[PDB]
Amino acid sequence: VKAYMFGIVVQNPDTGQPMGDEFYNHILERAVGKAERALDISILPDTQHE
Amino acid sequence: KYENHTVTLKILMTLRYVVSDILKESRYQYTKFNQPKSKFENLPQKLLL
C-alpha cells in the first residue's frame with residue numbers, strides 16, 4: 001500500500017504520529033472481504049462443512 | 001620602457017557589499033501544524049546593502 005502511495009506520507013497534524021500497520025492490516029482485511037463479496041468467491045483457504 | 005609614461009586600465013572586479021542597515025529586521029511564525037509541538041521560526045530579514 002505504501003509503495004503505491006510512494007512520495008505521499010500521512011500523519012496526524014497535531015503530533016508526529018503516522019498511522020501504524022494495525023490500521024493498514026485492518027483496512028486490508030475488510031478490503032479483501034469486500035472483494036470477496038464483489039465476486040461470489042472464497043478468497044482465502046478455508047475448510048467447509050456443507 | 002615606460003619610466004615616465006602614463007598608464008590607464010579598464011578593469012573587471014568582483015561585486016561586493018556591506019550591511020549598512022538592517023530593515024524589517026525580524027519576522028516570526030509559531031509553526032504548529034504537523035509538528036509534535038509549537039516551534040518558533042525566524043523569517044527572512046531585509047538588508048540595505
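Residues numbered from 1 in each chain as written, not as in the entry; some residues may be left out. Chains lettered and ligands numbered in written order. Part of a larger assembly, values for the part shown. Heavy atoms only, no water.

Method of structure determination, per the deposited record: cryo-EM was used for this entry, reaching 4.15 Å resolution.

K.L.:
Provide a residue-level description of the overall build of chain B, including the pertinent values.
P.N.:
Looking only at helices and strands, chain B features 0 helices and 4 strands. When the helices and strands of chain B are listed from N to C terminus, the series reads β-β-β-β. Viewed in the frame of its principal axes, chain B has a C-alpha envelope of about 75 × 20 × 15 Å. The 49 residues of chain B split such that 2% are buried. Taking all contacts inside chain B whose residues are at least 6 apart in sequence as the whole, residues at least 24 apart take part in 31%. Carbon and sulfur atoms form 56% of the exposed surface of chain B, whose accessible area is close to 5600 Å². Side-chain charges in chain B split into 9 positive and 4 negative, and the spacing between the mean points of these groups amounts to 10 Å. (Helix = DSSP H or I, 4+ residues; strand = E, 2+ residues; numbered from the N terminus. Buried < 20%, exposed > 50% of the residue type's maximum accessible area, 1.4 Å probe, protein only. Contact = heavy atoms within 4.5 Å. Areas by Shrake-Rupley, 256 points an atom, 1.4 Å probe, with all protein chains shown as cover. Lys, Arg positive; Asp, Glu negative; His and termini not counted. Charge placed at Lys NZ, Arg CZ, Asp CG, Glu CD.)

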